[PDB]
Amino acid sequence: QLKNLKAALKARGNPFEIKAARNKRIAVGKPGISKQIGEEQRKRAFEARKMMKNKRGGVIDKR
Amino acid sequence: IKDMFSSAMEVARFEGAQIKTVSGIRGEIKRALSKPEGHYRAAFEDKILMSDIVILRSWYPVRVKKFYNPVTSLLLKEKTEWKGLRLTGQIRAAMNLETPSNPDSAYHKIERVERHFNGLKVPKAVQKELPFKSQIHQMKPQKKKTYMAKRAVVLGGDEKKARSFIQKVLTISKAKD
Amino acid sequence: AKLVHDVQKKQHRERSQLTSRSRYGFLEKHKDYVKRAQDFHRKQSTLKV
Amino acid sequence: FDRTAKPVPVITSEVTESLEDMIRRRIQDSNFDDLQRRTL
Amino acid sequence: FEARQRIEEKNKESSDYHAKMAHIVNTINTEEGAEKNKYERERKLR
Amino acid sequence: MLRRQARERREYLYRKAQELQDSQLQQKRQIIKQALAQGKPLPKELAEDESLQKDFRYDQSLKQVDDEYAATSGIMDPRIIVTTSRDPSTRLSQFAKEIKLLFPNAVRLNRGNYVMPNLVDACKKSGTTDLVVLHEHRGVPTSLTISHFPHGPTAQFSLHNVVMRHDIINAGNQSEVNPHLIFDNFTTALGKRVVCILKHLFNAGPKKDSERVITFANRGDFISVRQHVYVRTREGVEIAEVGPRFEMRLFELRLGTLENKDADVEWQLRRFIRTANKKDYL
RNA sequence: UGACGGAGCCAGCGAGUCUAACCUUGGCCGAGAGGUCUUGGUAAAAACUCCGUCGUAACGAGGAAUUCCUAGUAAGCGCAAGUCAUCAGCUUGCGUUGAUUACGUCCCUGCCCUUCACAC
Ligand SMILES: [Mg+2]
Ligand SMILES: [Mg+2]
Ligand SMILES: [Mg+2]
C-alpha cells in the first residue's frame, strides 16, 4: 500500500470506508457515511421529542 | 425468559434493559430468541431458579382528568342539596357491583421449611491426585453379608423398650442444649 | 425511637407464589437466596483448595 | 426504562476523522510510546 | 441511541446533584460553624 | 522444569506478600530521610522505634515496567504464537493470519485437537513469550485472549466493529517492519497495566524512519486499534489505513496462564453493579 | 465406498435442595380462593467390526475468479458445558478415526538487512 502511496504523492506533488463485494459474473456502499446520516437523523428527532415533551402551545402558523 | 413479551419485535425495544427477579438477582435482556416468539435470553449475576419471577420496572404516564363542577347552591331551589359526582364506593353500591379483587394480590401467612443442602462431592480426578496428608476417607457400603453380621444376637423385648428410651432422652437433651 | 410514629414502623407483609406457578414451589426471597449463594461459595472455596 | 450498560460505540466518519487527527499530530511531533532497548 | 442519551443525561444529573449537595453542606459548616466557635470563645471569655 | 516452574512461582508469590508487608516500613524510612534533610522532627512512633533507627544506617543505602516483564524488558524480542478455537471457520483463520502479520515476531499455529494444558506446556518448552487465541461467531471474530508465559498474566478482550483486510479490493501486501507504537489516553493504574501487556508483544527499537505505526486509542474503555503507513510531506504528515480495524474492551485479567481457570483474578468487569455505567476504568 | 434389520464393542471433559412444555374435553369438593381426577391435540456415544436381505417447478457434488493449509496437520464422528464480556439462527471445551504432498529454492512476487589470533 505504501509503495503505491509514495507513487501517488510524488505524482500529485483509506480503502476501509468502502465495503466491496465479489464480482461473480466492486464498491457496494459507504458504512461510515451512511451510519453518520442515519445516526444524526434520529438525533435531531430525539432533540425534537425532548422539546415537545412538556409543551401545549406552539406558534400556529397557517401562512 | 418467557411471557414478558409477545413478539420478537417487542424484545428488540428492550434489549439491554435492566431486569431483576424476586430474590434480588439483577440481570439484563441480552437478545431476542427467534423461536418461539417473544422468548429472550438474559444473563444474571448469579444462577436463578425456576420458581423465581423476573420483573422489569417501567414507567407509564398518567394524565389528570379535566373535570370542573362548580358548586352553585344559590341557583338551586333547596340550596342545601347540591349533588355532583358520586364516590366510587357509592357508585358501586348503586349498581350492585363488588370491589374488584385479585386472588393473587391477597396476602397469606408464609411458613418456611428449614433449608438444607447436599454434601460436597469432590471429583474423582482431583481426589485421586491428592497429597497423603489430605486424602478423603470415603467408606463404601457393604453388600455381602458379613459373618459377624449374621451372628450377632440383638436382645429383644425388655431391652428394646429400655434402649429406645435412651435414644429418646439423648435426643431431647441435645436439642435442649 | 425518637420522633417516629408507630404508624411508620408498620409491618409490610410478604407476598406468596402465584397460583399458576404453584407447582414449581416456594417463591425465593432475598433471605432464601443468600443461603443458596453462601453455601455454594463455601463449597467452591474448598474445591479451589 | 433503565439500561444496564452503554451500547458499544459506533464508528462514525467523525470518529475516524478525530482518530486520524490524533495519529497525524503524534507523527508530526515524532513522539511515539514504544519499547526501548535496554543498554548493555 | 436512546440508551446512549439516557445514561449520559442520568450521569450528568447525578454529577450536578452531588456537587450541589456538597456545596450547601460545606457552606453551612464553614460560615455557621465559625460563628459557633466565635460564640463559644466569648462564653469562655465570660 | 515442572519442579522449577512450581518453585519459582511460589517464591514470587511469597515476594509479593512480603512486599505488601514491607510497604509500611518503606514509608517509615522515607519519613526519616526527609526529616534528616529538612531537619523536621520525626513523628512519635518513629522516634521511639530503636530497631528502625539501627536498621536505617544500613537501609539508608537504598534507591517502571511490571515484574513479569522486568526480566526481559527490552532485551529479548518476544516470540508470539497466534492460534484459534477448535474447528475454526475460514474467516477466523483469515483473521488469525492478520493478527500474525500485525505482530512482527508472530507465528500461526493450527489448533486441531490440541488440548489446552498440552498447548501451553508445549509453548513453555519452546520459549514462547506470548500466546494469542481468537474466537469467532458465524465467521465474525468475537474474543481475543493474550497469555504471557511462563506465569501470566492472561488478559481477555472482546472485539467489536471488526473489519478484516480481506474485505478490501486490491489492498496489496503489508509492510512487516518493526512498527512504531502509539498509546493514547491510558491514565489509570489498570490502563498502564494494559499498555504494559500490549507494548511488549512488539520488538524493541524501531528505526526512527520506520514507516508503520500501530495505535491503541482508549475511548470509553473501547481500545481502538489501527495500523497506518505514513509519508512525511514538506508541510505535514499524510497517512493511509492498512488495517485491520477493531475495538477491544477488556473484561478479565488474571495472574496466570490461560489454562489455569483457578488463577487469581487481578481485575474483572462488573456489569450488574448499580454504578456500572458511571465510571470508565481504563 | 448404498438402504433396512440384528449382533459385538471402545472414550474424555461435566455434580448449586439444582434441570426445566403449551393448548384443550368434562366429573367431583369448596362461600370464595382454589384443590383433585379425567380427557384429545400440538412441540420436544458415534465411527467401527460381524451376520442377513434388496440392488445400483427444483435438482444428480457445484464454472470463472478467489482464500486457506505442513503431523496427531487437513478431514470425518459424536459427547458435554453454557462460567459477569460474546454466544443458543449458536459459542466454547472433550475424546474417537487420522492421511497425501512438501520440509528445498531465492527462479518469479513481496518484505527486510548490509556495503583479539589463524585463515580469508
Ligand atoms: Mg478440521
Ligand atoms: Mg464438529
Ligand atoms: Mg466453533
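Don't worry about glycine lacking a Cβ; one is built from the backbone with ideal geometry, like all the others, and counts go over all protein chains shown. Nothing in this text is a laboratory measurement; each read-out follows from the coordinates by a stated rule.
Select from the range D:23-40 the residues that are within 7 Å of chain F (Cβ to nearest Cβ) and part of a helix (DSSP H, G or I) and write down the one among them that is surrounded by the fewest Cβ atoms within 10 Å (Cβ to Cβ).
Step one: filter the range D:23-40 for residues within 7 Å of chain F (Cβ to nearest Cβ), giving D:23-24, D:26-28, D:32-38.
Adding the requirement that they be part of a helix (DSSP H, G or I) leaves D:23-24, D:26-28.
Working: D:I23: 19, D:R24: 16, D:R26: 18, D:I27: 21, D:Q28: 12.
Only one residue tops the list, namely D:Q28.
Among (1) surrounded by 10 or more Cβ atoms within 10 Å (Cβ to Cβ); (2) closer than 30 Å to C:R15 by Cα, which single condition is B:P100 missing?
Looking at each condition in turn, B:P100 falls short on (1).
Mind checking whether some residue in the range B:30-40 is surrounded by 10 or more Cβ atoms within 10 Å (Cβ to Cβ) and aliphatic (A, V, I, L, M)? It would help to see each step written out before you state the result.
Residues of the range B:30-40 surrounded by 10 or more Cβ atoms within 10 Å (Cβ to Cβ): B:30-33, B:37-40.
Okay, now just the ones that are also aliphatic (A, V, I, L, M), so B:32-33.
Checking the range B:30-40: at least one residue is surrounded by 10 or more Cβ atoms within 10 Å (Cβ to Cβ) and aliphatic (A, V, I, L, M).
Scan the range B:42-58 and tell me whether some residue there is in contact with a helix residue (DSSP H, G or I) (Cβ under 8 Å, 6 or more places away or on another chain) and more than 8 Å from every other protein chain (Cβ to nearest Cβ).
no
Scan the range F:198-210 residue by residue and report those that are aliphatic (A, V, I, L, M) and at the interface with another protein chain (Cβ under 7 Å from one of its Cβ atoms). Walk me through how you get there before you give the answer.
Of all residues in the range F:198-210, those aliphatic (A, V, I, L, M) come to F:198, F:201, F:204.
Result: F:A204, single match.
Could you give every pair whose Cβ atoms fall below 6 Å, whose first residue belongs to the range F:82-103 and is within 14 Å of chain A (Cβ to nearest Cβ), and whose second residue is assigned to a helix (DSSP H, G or I) and more than 8 Å from RNA strand G (Cβ to nearest atom), counting only separations of at least 6 or pairs across chains?
As it stands, the answer is F:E98/F:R165, since those pairs meet every condition given.
Taking the range F:191-206 only, how many residues are farther than 14 Å from F:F222 by Cα and among the aliphatic types (A, V, I, L, M)?
We begin by selecting, within the range F:191-206, every residue farther than 14 Å from F:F222 by Cα; these are F:192-193, F:196-206.
Going one step further and asking which of them are among the aliphatic types (A, V, I, L, M), we end up with F:197-198, F:201, F:204.
So the count comes out to 4.
Scan the range C:15-33 and give yes if some residue there is at the interface with another protein chain (Cβ under 9 Å from one of its Cβ atoms), assigned to a helix (DSSP H, G or I), within 9 Å of RNA strand G (Cβ to nearest atom) and within 17 Å of the chain's Cα centre (by Cα), otherwise no. So that I can check it myself, show each step before the final result.
Going residue by residue through the range C:15-33, those that are at the interface with another protein chain (Cβ under 9 Å from one of its Cβ atoms) are C:15-21, C:24-33.
Remaining after also requiring assigned to a helix (DSSP H, G or I): C:19-21, C:30-33.
From the residues that got through so far, the ones that are within 9 Å of RNA strand G (Cβ to nearest atom) too are C:19-21, C:32-33.
Subsequent filtering for residues that are within 17 Å of the chain's Cα centre (by Cα) retains C:32-33.
Yes, because at least one residue in the range C:15-33 is at the interface with another protein chain (Cβ under 9 Å from one of its Cβ atoms), assigned to a helix (DSSP H, G or I), within 9 Å of RNA strand G (Cβ to nearest atom) and within 17 Å of the chain's Cα centre (by Cα).
A:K35 passes all but one of (1) closer than 24 Å to F:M164 by Cα; (2) more than 13 Å from chain D (Cβ to nearest Cβ); (3) not acidic (D, E); which number fails?
(2)
Taking interchain pairs and intrachain pairs at least six residues apart, which have beta carbon atoms under 6 angstrom, with the first residue in the range D:1-22 and at the interface with another protein chain (Cβ under 7 Å from one of its Cβ atoms) and the second in a loop (DSSP other than H, G, I, E, B)?
D:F1/B:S58; D:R3/B:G16; D:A5/F:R271
Which of the following residues is part of a strand (DSSP E or B), more than 14 Å from chain B (Cβ to nearest Cβ) and of a type outside the set (K, R): F:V195, F:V231, F:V177?
Numbers: F:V195 fails: part of a strand (DSSP E or B); F:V177 fails: part of a strand (DSSP E or B).
Exactly one of F:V195, F:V231, F:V177 is part of a strand (DSSP E or B), more than 14 Å from chain B (Cβ to nearest Cβ) and of a type outside the set (K, R), namely F:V231.
Looking at the range A:38-55, which of its residues are within 12 Å of another protein chain (Cβ to nearest Cβ) and not in a helix (DSSP H, G or I)? Write out each step before concluding.
Looking only at the range A:38-55, we keep the residues that are within 12 Å of another protein chain (Cβ to nearest Cβ), and these are A:38-47, A:49-50, A:53-54.
Those that are within 12 Å of another protein chain (Cβ to nearest Cβ) and not in a helix (DSSP H, G or I): A:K53, A:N54.
Quick test of your reading of the structure: A:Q41 fulfils all but one of (1) surrounded by 12 or more Cβ atoms within 10 Å (Cβ to Cβ); (2) polar (S, T, N, Q); (3) away from RNA strand G (no atom under 16 Å from the Cβ). Name the failing condition by number.
(1)
With B:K83, B:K65, B:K79 as the choices, which residue is assigned to a loop (DSSP other than H, G, I, E, B) and at positive phi?
Numbers: B:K83 fails: at positive phi; B:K65 fails: at positive phi.
Every option except B:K79 fails the conditions.
If I ask for residues that are of a type in the set (D, E) and over 22 Å from B:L49 (Cβ atoms), which ones from the range C:1-33 would you list? Before you say what the answer is, go through the steps one by one.
If we filter the range C:1-33 for residues that are of a type in the set (D, E), which is where we start, we get C:6, C:14, C:28, C:32.
Correct list: C:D6 only.
In this structure, does A:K6 turn out to be within 14 Å of chain D (Cβ to nearest Cβ) and surrounded by 10 or more Cβ atoms within 10 Å (Cβ to Cβ)?
On the way: within 14 Å of chain D (Cβ to nearest Cβ): no; surrounded by 10 or more Cβ atoms within 10 Å (Cβ to Cβ): yes.
Judged against the criteria, A:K6 is not a match.
I'm checking my understanding of the structure. Among residues of the range F:102-141 that are within 16 Å of ligand 3 (Cβ to nearest atom) and basic (K, R), which one is nearest to F:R86 (Cα to Cα)?
The selected residue is F:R111.
Going by what's in this entry, would E:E40 be described as in a helix (DSSP H, G or I), away from chain D (no Cβ under 14 Å) and either of a type outside the set (V, I, T) or farther than 30 Å from D:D2 by Cα (or both)? Don't jump to the end; show me each part of the working.
Details: in a helix (DSSP H, G or I): yes; away from chain D (no Cβ under 14 Å): yes; either of a type outside the set (V, I, T) or farther than 30 Å from D:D2 by Cα (or both): yes.
Yes, satisfied.
Any residue in the range E:16-39 that is hydroxyl-bearing (S, T, Y), surrounded by 10 or more Cβ atoms within 10 Å (Cβ to Cβ) and closer than 27 Å to F:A276 by Cβ?
Yes: one or more hits.
Name the pairs whose Cβ atoms lie under 9 Å apart, with the first residue in the range B:135-159 and assigned to a loop (DSSP other than H, G, I, E, B), the second among the polar types (S, T, N, Q), and 6 or more positions between them or separate chains?
Note: pairs meeting the criteria are B:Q135/B:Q127; B:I136/B:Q127; B:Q138/B:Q127.
Which ones in the range F:182-192 are surrounded by fewer than 19 Cβ atoms within 10 Å (Cβ to Cβ) and within 14 Å of chain D (Cβ to nearest Cβ)?
Narrowing the range F:182-192 to residues surrounded by fewer than 19 Cβ atoms within 10 Å (Cβ to Cβ): F:184-185, F:187-190, F:192.
F:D184, F:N185, F:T187, F:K192 - these are the residues of the range F:182-192 that are surrounded by fewer than 19 Cβ atoms within 10 Å (Cβ to Cβ) and within 14 Å of chain D (Cβ to nearest Cβ).
What strands (runs of 3 or more DSSP E) lie completely within the range F:236-282 and have 1 or more residues being of a type in the set (D, E) and exposed (fewer than 14 other Cβ atoms within 10 Å of the Cβ)? Show your work before the answer.
Details: elements: F:236-241, F:245-255, F:264-268.
It comes to F:264-268.
Can you tell me which condition C:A37 does not meet? The list is (1) within 8 Å of RNA strand G (Cβ to nearest atom); (2) facing chain B (nearest Cβ under 7 Å); (3) more than 16 Å from B:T21 (Cα to Cα), and all the others hold.
Among (1) within 8 Å of RNA strand G (Cβ to nearest atom); (2) facing chain B (nearest Cβ under 7 Å); (3) more than 16 Å from B:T21 (Cα to Cα), C:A37 violates only (3).
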